[PDB]
Amino acid sequence: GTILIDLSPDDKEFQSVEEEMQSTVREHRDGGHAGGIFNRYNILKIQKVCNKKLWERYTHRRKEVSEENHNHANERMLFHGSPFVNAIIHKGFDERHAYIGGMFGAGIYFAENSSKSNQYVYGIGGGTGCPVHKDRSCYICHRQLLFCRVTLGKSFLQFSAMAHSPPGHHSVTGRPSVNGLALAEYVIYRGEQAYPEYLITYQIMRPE
Ligand SMILES: CC(C)CC(=O)Nc1ccc(-c2nc3ccccc3c(=O)[nH]2)cc1
Ligand SMILES: [Zn+2]
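As structure tokens, this is what we get:
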């Protein structure tokens, strides 16, 4: 039931999604090993993901969470990178999309930094890089990220350098405690708590 609608680059909505992508790139402690070496992207396409069943699944869960948290869903727009973004946009998020070995347990992980999500496009740790050239820093191959609407509800704060949410919480927030420039990462434990709103197709750009 999924339709993808291309946004025009002239559309304010294209522009605001692109700005969130570009503005949340940071350097990574791996020197670019997982995600590649870059400071910015070449955005090739931004598509709106339209699926009525999946949207209704999300909004149902959002109301459940809101009612458990003083009418506050604590909804964010966050990035998600995975080799399975094509499955997600058709079928939704579920346990097959969980990072079993994540530092906050087996859940579905999202990032404020688009470049953090970029590290997972080709698998955990970047896998073996792009399928065509086996290059984690490939500047040629098209990559895709999701920019997702995520319900955090009451989030458990973890200060740090499918399972269940911590009791009394709907998510976990991984707060950076060493790298002063890193943004937060978030984990949900129910696929219904995220909707894959935008599919972004892009390349990383080689620094000059
Ligand atoms: C079959 C197996 C490989 C499933 C899996 O672990 N997939 C997986 C998908 C996405 C991510 C992921 N992990 C993150 C961790 C922190 C911040 C963002 C992300 C993010 O955008 N994606 C990790 C693992
Ligand atoms: Zn490549």
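The sequence shown lines up with residues 952 to 1112, 1115 to 1161 when you count with the deposited numbering. Here a beta-carbon is modelled for each residue, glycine too, at the ideal position from N, C-alpha and C.
Cutting at 8 Å between CB atoms, please list the residues of its own chain near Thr-1079, excluding the five before and the five after it. For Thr-1079, where only same-chain residues beyond five positions count, the Cβ hits under 8 Å are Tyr-1073, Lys-1085 and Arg-1087.
Going by beta-carbon coordinates alone, are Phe-989 and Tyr-1071 separated by less than 9 Å? The answer is no: Cβ separation not under 9 Å.
Apart from the five residues just before and just after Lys-1105, which ones in its own chain have a Cβ nearer than 6 Å to its Cβ? Within its own chain, the residues whose Cβ lies closer than 6 Å to the Cβ of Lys-1105, once the five positions on either side in sequence are excluded, are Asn-1020, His-1122 and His-1123, listed in chain order.
When you compare the CB positions of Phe-1044 and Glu-1138, do they come within less than 9 Å of one another, or not? Taking 9 Å as the Cβ cut-off, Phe-1044 and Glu-1138 do not qualify as a contacting pair.
Measure the C-alpha to C-alpha separation of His-1023 and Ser-1065 and round it to an integer number of angstroms. Between the C-alpha atoms of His-1023 and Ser-1065 there is a straight-line separation of about 25 Å.
Let me confirm a value: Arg-1047 is counted as buried when at least 16 other C-beta atoms fall within 10 Å, else exposed. Which label applies? Classification for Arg-1047: exposed.
Should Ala-1112 be labelled buried (16 or more other beta-carbon atoms within 10 Å of its own) or exposed? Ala-1112 is exposed by the Cβ-count criterion.
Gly-1077 to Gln-1095 span [Cα, whole Å]: Each residue's Cα considered, the two are about 13 Å apart.
Apart from the five residues just before and just after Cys-1001, which ones in its own chain have a Cβ nearer than 8 Å to its Cβ? The residues are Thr-953, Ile-954, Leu-955 and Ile-956.
If I measure Cβ to Cβ from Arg-1128 and keep anything under 8 Å in the same chain, skipping five residues before and after, which residues do I get? Beyond the five residues adjoining it in sequence on each side, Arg-1128 comes within less than 8 Å, by CB distance, of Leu-1108, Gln-1109, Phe-1110, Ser-1111 and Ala-1137 in the same chain, given in chain order.
Residues near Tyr-1142 by beta carbon distance below 7 Å, same chain, minus five either side: Contacts found: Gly-1058, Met-1115, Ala-1116, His-1117 and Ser-1118.
Answer yes or no: the CB of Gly-1080 versus the heavy atoms of ligand 2, is any distance below 8 Å? Yes, ligand 2 has a heavy atom inside 8 Å of this Cβ.
Based on Cα-Cα distance, which residue from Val-1140, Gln-1156 and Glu-1145 lies nearest to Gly-1052? Among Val-1140, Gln-1156 and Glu-1145, the Cα nearest to that of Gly-1052 is on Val-1140.
As a quick exercise: from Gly-982, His-984 and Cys-1099, pick the residue whose alpha carbon is nearest that of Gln-1146. The candidate whose alpha carbon is nearest that of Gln-1146 is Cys-1099.
Can you tell me which residues form a DSSP beta bridge with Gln-1109? Here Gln-1109 is bridged, per DSSP, to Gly-1127.
Residues with C-beta closer than 5 Å to any heavy atom of ligand 1, in chain order: That gives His-1031, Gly-1032, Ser-1033, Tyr-1050, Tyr-1060, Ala-1062, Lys-1067, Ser-1068, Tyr-1071 and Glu-1138.
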